[PDB]
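Have a look at the structure below, then the notes.
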Number of protein chains: 4
Amino acid sequence: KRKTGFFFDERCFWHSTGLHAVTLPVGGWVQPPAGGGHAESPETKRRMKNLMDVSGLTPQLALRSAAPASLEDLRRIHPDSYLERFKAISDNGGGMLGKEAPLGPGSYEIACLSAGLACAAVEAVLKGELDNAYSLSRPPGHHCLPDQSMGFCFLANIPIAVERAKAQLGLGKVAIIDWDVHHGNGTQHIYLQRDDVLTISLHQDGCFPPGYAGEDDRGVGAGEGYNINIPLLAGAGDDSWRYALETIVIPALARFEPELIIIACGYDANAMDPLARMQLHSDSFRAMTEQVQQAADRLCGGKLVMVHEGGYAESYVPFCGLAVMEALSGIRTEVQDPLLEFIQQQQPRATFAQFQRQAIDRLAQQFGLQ
Amino acid sequence: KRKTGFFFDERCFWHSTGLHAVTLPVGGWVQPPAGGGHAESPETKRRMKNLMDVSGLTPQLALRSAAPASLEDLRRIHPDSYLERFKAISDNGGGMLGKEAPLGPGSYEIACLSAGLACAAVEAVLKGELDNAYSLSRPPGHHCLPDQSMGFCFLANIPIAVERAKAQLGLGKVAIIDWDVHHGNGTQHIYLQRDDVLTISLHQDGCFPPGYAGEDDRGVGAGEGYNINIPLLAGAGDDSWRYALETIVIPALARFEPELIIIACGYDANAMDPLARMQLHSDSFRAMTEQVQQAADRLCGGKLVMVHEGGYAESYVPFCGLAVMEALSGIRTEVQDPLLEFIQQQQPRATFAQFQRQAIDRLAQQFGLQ
Amino acid sequence: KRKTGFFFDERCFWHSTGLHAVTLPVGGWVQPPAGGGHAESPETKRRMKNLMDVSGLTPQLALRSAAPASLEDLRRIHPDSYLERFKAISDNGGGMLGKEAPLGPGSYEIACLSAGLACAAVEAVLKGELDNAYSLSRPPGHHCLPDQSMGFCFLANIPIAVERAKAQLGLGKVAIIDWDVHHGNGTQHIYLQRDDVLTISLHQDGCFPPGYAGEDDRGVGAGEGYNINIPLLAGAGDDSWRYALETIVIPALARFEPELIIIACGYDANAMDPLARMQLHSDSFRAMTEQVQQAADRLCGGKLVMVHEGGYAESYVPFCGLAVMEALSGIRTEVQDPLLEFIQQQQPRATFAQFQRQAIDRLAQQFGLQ
Amino acid sequence: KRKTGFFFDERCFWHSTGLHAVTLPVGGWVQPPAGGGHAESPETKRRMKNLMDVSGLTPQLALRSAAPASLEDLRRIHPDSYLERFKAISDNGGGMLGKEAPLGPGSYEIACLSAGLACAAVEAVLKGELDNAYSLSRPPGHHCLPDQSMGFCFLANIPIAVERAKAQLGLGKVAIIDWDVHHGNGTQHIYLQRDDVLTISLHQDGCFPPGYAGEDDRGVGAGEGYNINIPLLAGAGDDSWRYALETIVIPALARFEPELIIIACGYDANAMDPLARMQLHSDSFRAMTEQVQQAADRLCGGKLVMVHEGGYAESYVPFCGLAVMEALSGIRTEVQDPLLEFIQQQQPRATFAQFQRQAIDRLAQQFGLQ
Ligand SMILES: [K+]
Ligand SMILES: [K+]
Ligand SMILES: [K+]
Ligand SMILES: [K+]
Ligand SMILES: [K+]
Ligand SMILES: [K+]
Ligand SMILES: [K+]
Ligand SMILES: [K+]
Ligand SMILES: [K+]
Ligand SMILES: [K+]
Ligand SMILES: [K+]
Ligand SMILES: [K+]
Ligand SMILES: [Zn+2]
Ligand SMILES: [Zn+2]
Ligand SMILES: [Zn+2]
Ligand SMILES: [Zn+2]
């Protein structure tokens, strides 16, 4: 039983992005949705917190909100031209911030709050106030480029908190493991030429950004060797993701020797997600958390911070997030994941599992870890 | 430009199945859904018809409803013990018809209507009134066992229409191709010992029924060799599904020589579906329809009937169904699928594509077609 | 049994107006809605048509769509400055057309189609092709001022069709009876100085526009005496509305002697509506339709056109609209309104009923009809 | 600034009641709803709490949950025959508990929790731990008869807490003021023959139970004179409700001299509610709370407990509940009710206001208070 922080704020559920039919904007041949719909609905994140409450887990955590990330915090990552336009659209009722980047009224302040939850979670663990922490950051961060919103992300949540910790708290080497099912292209770009931040992405081959695999992009200049892309095959499930972690991610952590491990923790690799094609269940996320926590215990005194990213299965993500918080806190509630046994039966058979293992083996060899 | 029937009835959208959070029943650890949700929502089927209307396709089709399947029709497939319990629950306001089989008030009559749309679509094509036909049958049929509801299905839609056509219209050999992403276990079971109906299922390996692949189940007795299961790898997309059709399904059709080809046409292999993990787009469904229509032209005077099964991506299924109706009617509207290019970029790379091709090749060899 | 036209088009259900929590725009202290919500949802209008289908009424009507109102049609009512801005916002993806006037992508074309359904319904009845007609016009029209959108209305549906009929079909005197629960301020303004169009509004005192009663606004110049406002007391129900019709509206019709009677037919006086406080049920709307149809038989050869306006009780409006179409067509289906008896019991007692009767009596005397 | 308790539990939002189209059950002529809908959705209560959080009010309150009401607690009000059937249906997955009484899985435990929140709120104020308290009890209580569920209510929340306080805490005279817009028939029945509990209901004449006004039902036996029904006219607004309070309710409180004042606090008199026809706004509820709090200060040392009942305007109830909590706590947030000015303009004009005042005057005279 560890002292585990949970950083969240009701306001993060109020960020809106206009009318969508799942991911499609309304208009032309896309009929308006009759009820809910839009993928980045707050309901997925809210239902996770709701389940944490009814399970009795919440009162055993250190609950916190946070001051929003300041303008100085944002400027470590994003140029003023981007921030001023983001704020302008937000200030004027919402609208488009470039193609496929809809935001709502006050989304600017809410995005800053989301980034601040990450900032505070990182600071608390580094100072030793908490053993580990989870930040329920909405909107997400890991696709956000310095000057371009992408994939529902408007600020670079994890990079903002990292650069803050580097300027204010003397943070050294840090590893960012991104197991959101989509490529962490924002994190990758920001740290591409830097050897002080090790960026690792496990992602469905070609999912988002579309067509990007990226195993050959290892970083540039001083950063060469300090970026790792693991494009897993669409359809992969529990065995494949855990194999990738233990075979590539953990050995990379051991070679890098970080002061802190941050997870870009998306759940959209879950077996019901509409936005990707992987077959993970709640125990998959439970095991992956155990793997990185134990690495944290060996490498940086257990210092581990997880920042929420994606996840779009409204009824199933809550069980995956509870599993992560149970593993992170070391507290097991009475909740049994009602789809666990079902998804276990759906797992790829041994021919696929071994084919995927081969491919992970080649990646490990390509990255100098085998 | 063919004379294409479209069989549908507003009442089929009124069948309900109680409260669900996507697929999970409400209760215990499953929070009630705040808005829409439940997977077998009518909205997916309605949005397809709506798009057919606004695209201008609908008036160029032969629109029809149908008389419901009669009690005699149902009795060719289902025993009275099952039918009487189904009707009893339906008559008393809805409820459970065995584990995981929720139905609503009047679901019995609506299920009979759904089966009747299939009955009529088959009869019209056989009589030469239409060149081909599509039946928007809701609730679906292909998981329904004679005495057990499964997978949202309460009557065996396609088998009921087939046995009707065999008793009333002298129908001989027929092939049923099931490209709903889940295994057509209901069709398979009903015809397992029969050589007059060739049953073929393309399905995600192990998806539903969970854990079932089934390549080795070829039929029994006189039916041995007349059932074909193609368990494709989760994650497979456009290349893999079309390869399976041309490599296994078409050659099997040519050897069997049917009088009629019926498609169990589900769309849940689409790249956004929450209930499976395949990567098909609208052109995938367009090409598969072309493949089976051209087979129909060579083998049974173009006689082709498609019966709607699954499909749970509420914004994307409509574009897939429009594509099928465009291919089936030979009429192309102005509608461009707004996600086509996106999903094309997400397709598995050549290593997976070739691995899956190998596996299809082994299946073809196992089935005596190579 | 009359030849009754029903003018509708699926596209009218696709007009959207952004994100709303019932009537409130999202932002500030207004949390985004978790599911459906926004008042001018298409679902109310769609559920009426759906019920018409399942009841068996639809095939006994003359179903039609219409060519959209042309730019010349719109210019009889609206100045180019307003139309060009409306089209500009619509053409650029939707947005605000002045304060509290949100519209969506393509709303311009859909509004023109809505107005065209009214245009065609009026033309068919005038030419004697139909005995009477109903136009399911969405978006609504009766609050639209020449140069200002108001109350969900972006074009003046009924005035556009009237002026079209006056220029193309030699239409003379016409009476417009508006029993939408809100004041028909758009119709009133357009015809304020004209004696060739008699405009009558029954509306909840002060509801919308807010604070407007209007009994003393009788028209201006040549139009003085040709506008009639009946501000009924919030809470009034079946007795009060029918009394107002027979006591003020019918006698006014008899004195004016119209060539055509058009109903601005809103249902938001229904006993469940969130946007007003009246207690009407389906038989109330059935009786009001009978009253105006019989007036039409006496005054203008039965020529009666009804144009859909408001109505925001998603489960109850469909029964009210069916009732109107049953009365209009002279066809009674098997449908019994499941809330009729309930709402009948909720009706104001005799003290209120008589107080409201007194007030109607004073209005009748004020208008020279008693 | 008072010490104000707020009793709530996430589990109360999980009680479900099956599929409804607003208030209508699905089936027959009632089409299933496409999105949200059903009137007793948790969203109304949740959005109030959400707004309390984002406004900054919540941390200034004493937040509490409660132990559920025990079986002994329930038995002070309800017979075992009713409780055992309620629990049986709840234990078996939900279903009907008599006509028009749908409940869901585990609704029994959740109803007990709802009643326990009321029990605890009453106990805390009586013991002097809090100055006043609000209980966010869902499901509601005030229509529940001892042996019959009615109007969304399955246990008699306020009577259960009262009888508990009378047996365990020596509670004497108590007054229950019910300003939910519907008649508190459950409270009335339970205390009909008792002079130790004064029951007062302000309600829309004839709304629910339908057709019931009840001014002449004053209580029976020893209870005669200790029940007060104020059937206000549908359509009444701010002036009328406040006049009734000051003219009938406050003088009745002063004559009775209670030890405690409990409000059955429903918000469905709000000007947007689908289930009644009154025109109250947030300041109306703010003023009514002030009136009863000041009475509490004069009569029973400020001891005031409010228990949540109805309220079905999903976007507007939250502003009314915030207003009540602001008045109750003596803390004003920055939130301005965005519809206040609008609803103020909709208020009945002076003719109605004076007519309603007359009727209240007669009631006051009938009850011996003028
Ligand atoms: K995405
Ligand atoms: K790097
Ligand atoms: K990733
Ligand atoms: K299924
Ligand atoms: K067979
Ligand atoms: K299949
Ligand atoms: K309005
Ligand atoms: K006029
Ligand atoms: K009106
Ligand atoms: K009620
Ligand atoms: K009493
Ligand atoms: K009341
Ligand atoms: Zn993602
Ligand atoms: Zn399927
Ligand atoms: Zn209206
Ligand atoms: Zn109520």
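Residue numbers start at 1 in each chain; chains themselves are named A, B, ... in the order of the structure tokens; ligands are numbered from 1 in the order shown.
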Select from chain A every residue with an atom at most 6 Å from any atom of chain B, then for each give the shortest pair of atoms and their distance in Å to one decimal, using only C-alpha atoms, rows by chain and rising number, as a Markdown table.
| residue | atom | partner | partner_atom | distance |
| --- | --- | --- | --- | --- |
| A:21 | CA | B:315 | CA | 5.5 |
| A:35 | CA | B:36 | CA | 5.4 |
| A:36 | CA | B:35 | CA | 5.4 |
| A:206 | CA | B:346 | CA | 4.8 |
| A:207 | CA | B:346 | CA | 5.1 |
| A:210 | CA | B:346 | CA | 5.5 |
| A:211 | CA | B:345 | CA | 4.7 |
| A:234 | CA | B:235 | CA | 4.4 |
| A:235 | CA | B:235 | CA | 4.0 |
| A:272 | CA | B:274 | CA | 4.9 |
| A:273 | CA | B:274 | CA | 5.4 |
| A:274 | CA | B:274 | CA | 4.6 |
| A:277 | CA | B:277 | CA | 4.5 |
| A:315 | CA | B:21 | CA | 5.5 |
| A:345 | CA | B:211 | CA | 4.7 |
| A:346 | CA | B:206 | CA | 4.8 |
Backbone-only DSSP, helix (DSSP H, G or I) members of stretch 63-253 of chain C, as a VMD selection string: chain C and resid 71 to 75 80 to 91 107 to 126 157 to 168 185 to 190 221 to 223 238 to 253
Using only C-alpha atoms and all ligand atoms, find each residue with an atom at most 8 Å away from ligand 13 and format the answer as a ChimeraX atom specification. /A:151,180-183,208,266-269,275-276,309-311
Selected residues, N, CA, C and O atoms, written as a PDB file, in the first residue's frame, please.
ATOM      1  N   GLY A 151      -5.169  15.401 -32.770  1.00  0.00           N
ATOM      2  CA  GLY A 151      -5.675  14.273 -32.008  1.00  0.00           C
ATOM      3  C   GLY A 151      -6.293  14.608 -30.663  1.00  0.00           C
ATOM      4  O   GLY A 151      -6.022  13.931 -29.671  1.00  0.00           O
ATOM      5  N   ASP A 180      -0.763   4.762 -24.567  1.00  0.00           N
ATOM      6  CA  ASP A 180      -1.885   5.102 -25.420  1.00  0.00           C
ATOM      7  C   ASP A 180      -1.680   4.394 -26.753  1.00  0.00           C
ATOM      8  O   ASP A 180      -0.546   4.254 -27.219  1.00  0.00           O
ATOM      9  N   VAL A 181      -2.765   3.892 -27.344  1.00  0.00           N
ATOM     10  CA  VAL A 181      -2.622   3.045 -28.527  1.00  0.00           C
ATOM     11  C   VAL A 181      -2.140   3.804 -29.754  1.00  0.00           C
ATOM     12  O   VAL A 181      -1.762   3.171 -30.749  1.00  0.00           O
ATOM     13  N   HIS A 182      -2.155   5.134 -29.717  1.00  0.00           N
ATOM     14  CA  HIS A 182      -1.733   5.969 -30.831  1.00  0.00           C
ATOM     15  C   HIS A 182      -0.344   6.538 -30.565  1.00  0.00           C
ATOM     16  O   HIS A 182       0.088   6.665 -29.416  1.00  0.00           O
ATOM     17  N   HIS A 183       0.357   6.883 -31.647  1.00  0.00           N
ATOM     18  CA  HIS A 183       1.755   7.282 -31.531  1.00  0.00           C
ATOM     19  C   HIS A 183       1.860   8.602 -30.775  1.00  0.00           C
ATOM     20  O   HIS A 183       1.130   9.553 -31.064  1.00  0.00           O
ATOM     21  N   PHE A 208      -2.680   6.314 -35.608  1.00  0.00           N
ATOM     22  CA  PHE A 208      -2.702   7.785 -35.590  1.00  0.00           C
ATOM     23  C   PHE A 208      -1.409   8.339 -35.003  1.00  0.00           C
ATOM     24  O   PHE A 208      -1.029   7.932 -33.890  1.00  0.00           O
ATOM     25  N   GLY A 266      -2.866   6.067 -21.974  1.00  0.00           N
ATOM     26  CA  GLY A 266      -4.128   5.957 -22.681  1.00  0.00           C
ATOM     27  C   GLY A 266      -4.675   4.546 -22.572  1.00  0.00           C
ATOM     28  O   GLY A 266      -3.926   3.597 -22.388  1.00  0.00           O
ATOM     29  N   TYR A 267      -5.998   4.410 -22.673  1.00  0.00           N
ATOM     30  CA  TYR A 267      -6.644   3.106 -22.561  1.00  0.00           C
ATOM     31  C   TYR A 267      -7.222   2.638 -23.877  1.00  0.00           C
ATOM     32  O   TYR A 267      -7.906   1.608 -23.912  1.00  0.00           O
ATOM     33  N   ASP A 268      -6.968   3.363 -24.957  1.00  0.00           N
ATOM     34  CA  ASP A 268      -7.609   3.020 -26.218  1.00  0.00           C
ATOM     35  C   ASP A 268      -6.991   1.796 -26.896  1.00  0.00           C
ATOM     36  O   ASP A 268      -7.410   1.448 -28.006  1.00  0.00           O
ATOM     37  N   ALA A 269      -6.034   1.118 -26.265  1.00  0.00           N
ATOM     38  CA  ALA A 269      -5.705  -0.229 -26.707  1.00  0.00           C
ATOM     39  C   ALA A 269      -6.688  -1.265 -26.177  1.00  0.00           C
ATOM     40  O   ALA A 269      -6.533  -2.449 -26.499  1.00  0.00           O
ATOM     41  N   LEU A 275     -11.514   3.560 -31.616  1.00  0.00           N
ATOM     42  CA  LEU A 275     -10.471   4.327 -32.304  1.00  0.00           C
ATOM     43  C   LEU A 275      -9.180   3.549 -32.520  1.00  0.00           C
ATOM     44  O   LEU A 275      -8.214   4.119 -33.037  1.00  0.00           O
ATOM     45  N   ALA A 276      -9.131   2.276 -32.137  1.00  0.00           N
ATOM     46  CA  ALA A 276      -7.997   1.412 -32.463  1.00  0.00           C
ATOM     47  C   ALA A 276      -8.488  -0.035 -32.432  1.00  0.00           C
ATOM     48  O   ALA A 276      -9.660  -0.297 -32.145  1.00  0.00           O
ATOM     49  N   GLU A 309      -4.364   9.872 -21.089  1.00  0.00           N
ATOM     50  CA  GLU A 309      -4.390  10.349 -22.470  1.00  0.00           C
ATOM     51  C   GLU A 309      -5.715   9.971 -23.107  1.00  0.00           C
ATOM     52  O   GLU A 309      -6.742  10.585 -22.803  1.00  0.00           O
ATOM     53  N   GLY A 310      -5.729   8.938 -23.953  1.00  0.00           N
ATOM     54  CA  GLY A 310      -6.925   8.528 -24.653  1.00  0.00           C
ATOM     55  C   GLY A 310      -7.636   7.350 -23.999  1.00  0.00           C
ATOM     56  O   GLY A 310      -7.361   6.952 -22.864  1.00  0.00           O
ATOM     57  N   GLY A 311      -8.578   6.784 -24.750  1.00  0.00           N
ATOM     58  CA  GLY A 311      -9.488   5.777 -24.221  1.00  0.00           C
ATOM     59  C   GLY A 311     -10.919   6.181 -24.528  1.00  0.00           C
ATOM     60  O   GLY A 311     -11.401   7.186 -23.994  1.00  0.00           O
TER      61      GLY A 311
END
Write as a PyMOL selection string the residues around ligand 2, taking 10 Å as the cut-off and counting only C-alpha atoms and all ligand atoms. chain A and resi 174-176+187-200+218-228
Selected residues written out, N, CA, C and O atoms, as a CSV table (one decimal), in the first residue's frame:
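See part.csv below for the written result:
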chain,number,residue,atom,x,y,z
A,174,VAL,N,14.7,11.7,-17.5
A,174,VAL,CA,13.3,11.2,-17.3
A,174,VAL,C,13.0,10.4,-18.6
A,174,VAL,O,13.4,10.7,-19.7
A,175,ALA,N,12.2,9.3,-18.3
A,175,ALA,CA,11.7,8.5,-19.4
A,175,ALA,C,10.2,8.6,-19.4
A,175,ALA,O,9.5,8.6,-18.4
A,176,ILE,N,9.6,8.8,-20.6
A,176,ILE,CA,8.2,8.9,-20.9
A,176,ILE,C,7.8,7.7,-21.7
A,176,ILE,O,8.2,7.5,-22.9
A,187,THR,N,5.1,14.3,-28.0
A,187,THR,CA,6.3,14.0,-27.1
A,187,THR,C,7.5,13.7,-28.0
A,187,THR,O,8.6,14.3,-27.7
A,188,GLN,N,7.4,12.9,-29.0
A,188,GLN,CA,8.6,12.5,-29.8
A,188,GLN,C,9.2,13.8,-30.4
A,188,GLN,O,10.5,14.0,-30.3
A,189,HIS,N,8.4,14.6,-31.0
A,189,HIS,CA,8.9,15.8,-31.7
A,189,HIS,C,9.6,16.7,-30.7
A,189,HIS,O,10.8,17.2,-31.0
A,190,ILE,N,9.0,17.0,-29.6
A,190,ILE,CA,9.5,18.0,-28.6
A,190,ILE,C,10.9,17.6,-28.2
A,190,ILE,O,11.8,18.4,-28.0
A,191,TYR,N,11.2,16.3,-27.9
A,191,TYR,CA,12.4,15.8,-27.4
A,191,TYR,C,13.3,15.1,-28.4
A,191,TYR,O,14.3,14.5,-28.0
A,192,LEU,N,13.1,15.4,-29.7
A,192,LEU,CA,13.7,14.6,-30.7
A,192,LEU,C,15.3,14.7,-30.7
A,192,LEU,O,16.0,13.7,-31.0
A,193,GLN,N,15.8,15.9,-30.4
A,193,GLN,CA,17.2,16.1,-30.4
A,193,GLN,C,17.8,16.1,-29.0
A,193,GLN,O,18.9,16.6,-28.9
A,194,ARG,N,17.2,15.6,-28.0
A,194,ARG,CA,17.6,15.6,-26.7
A,194,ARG,C,17.8,14.2,-26.1
A,194,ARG,O,17.0,13.3,-26.3
A,195,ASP,N,18.9,14.1,-25.4
A,195,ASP,CA,19.3,12.8,-24.7
A,195,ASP,C,18.9,12.8,-23.2
A,195,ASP,O,19.1,11.8,-22.6
A,196,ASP,N,18.4,13.9,-22.7
A,196,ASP,CA,18.0,13.9,-21.3
A,196,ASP,C,16.5,13.4,-21.1
A,196,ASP,O,16.2,13.2,-19.9
A,197,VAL,N,15.8,13.2,-22.1
A,197,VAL,CA,14.4,12.7,-22.0
A,197,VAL,C,14.3,11.5,-23.0
A,197,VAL,O,14.5,11.7,-24.2
A,198,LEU,N,14.0,10.3,-22.5
A,198,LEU,CA,13.9,9.1,-23.3
A,198,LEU,C,12.4,9.0,-23.6
A,198,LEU,O,11.6,8.9,-22.7
A,199,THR,N,12.0,9.0,-24.9
A,199,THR,CA,10.6,8.9,-25.3
A,199,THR,C,10.4,7.5,-26.0
A,199,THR,O,11.1,7.2,-26.9
A,200,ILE,N,9.4,6.8,-25.5
A,200,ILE,CA,9.1,5.5,-26.0
A,200,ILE,C,7.6,5.5,-26.3
A,200,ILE,O,6.8,5.9,-25.4
A,218,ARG,N,14.8,7.2,-34.6
A,218,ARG,CA,15.5,7.0,-33.3
A,218,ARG,C,15.9,8.2,-32.6
A,218,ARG,O,16.6,8.2,-31.6
A,219,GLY,N,15.6,9.4,-33.2
A,219,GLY,CA,16.1,10.7,-32.7
A,219,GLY,C,17.2,11.2,-33.5
A,219,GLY,O,17.8,10.6,-34.4
A,220,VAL,N,17.5,12.5,-33.3
A,220,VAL,CA,18.4,13.3,-34.1
A,220,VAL,C,19.5,13.9,-33.2
A,220,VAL,O,19.2,14.3,-32.1
A,221,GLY,N,20.7,14.1,-33.8
A,221,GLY,CA,21.8,14.8,-33.1
A,221,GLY,C,22.1,14.1,-31.8
A,221,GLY,O,22.2,12.9,-31.7
A,222,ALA,N,22.2,14.9,-30.7
A,222,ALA,CA,22.4,14.3,-29.4
A,222,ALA,C,21.3,13.4,-29.0
A,222,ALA,O,21.5,12.5,-28.2
A,223,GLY,N,20.1,13.5,-29.6
A,223,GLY,CA,19.0,12.7,-29.2
A,223,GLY,C,19.0,11.4,-29.9
A,223,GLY,O,18.1,10.6,-29.7
A,224,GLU,N,20.0,11.1,-30.8
A,224,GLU,CA,19.9,9.8,-31.5
A,224,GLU,C,20.1,8.6,-30.6
A,224,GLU,O,21.2,8.5,-29.9
A,225,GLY,N,19.2,7.7,-30.6
A,225,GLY,CA,19.2,6.6,-29.7
A,225,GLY,C,18.2,6.8,-28.5
A,225,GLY,O,18.1,5.8,-27.7
A,226,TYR,N,17.6,8.0,-28.4
A,226,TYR,CA,16.8,8.3,-27.2
A,226,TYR,C,15.4,8.4,-27.6
A,226,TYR,O,14.6,9.0,-26.8
A,227,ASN,N,14.9,7.9,-28.7
A,227,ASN,CA,13.5,7.8,-29.0
A,227,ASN,C,13.3,6.3,-29.5
A,227,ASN,O,14.1,5.8,-30.3
A,228,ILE,N,12.2,5.7,-29.1
A,228,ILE,CA,11.9,4.3,-29.4
A,228,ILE,C,10.4,4.2,-29.8
A,228,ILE,O,9.6,4.5,-29.0
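Distance annotation: of A:61, A:177, A:165, A:88, the residue with the minimal separation from residue A:73 is A:165; atom set is only C-alpha atoms.
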Quick one: pick out all strand (DSSP E) residues within stretch 71-200 of chain C from a backbone DSSP run and write them as a count of residues only. 17
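Excluding residue B:302 itself and same-chain residues fewer than 2 positions from it, the residues having an atom within 10 Å of it are residues 2, 125, 131, 132, 259, 260, 261, 292, 293, 294, 295, 296, 297, 298, 299, 300, 304 and 305 of chain B, counting only C-alpha atoms.
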Hey, can you check how far atom CA of residue C:83 sits from atom CA of residue C:139?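 About the pair atom CA of residue C:83 and atom CA of residue C:139: they are 15.4 Å apart.
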Take atom CA of residue B:308 and atom CA of residue C:14 and report the distance between them in Å, one decimal.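 Taking atom CA of residue B:308 as the start and atom CA of residue C:14 as the end point, the length is 24.6 Å.
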Shell around residue C:99 at 10 Å using only C-alpha atoms, local window under 4 positions removed, as number ranges by chain: C: 148-150
Using Å and a single decimal, report how far atom CA of residue C:340 sits from atom CA of residue D:42. 27.2 Å
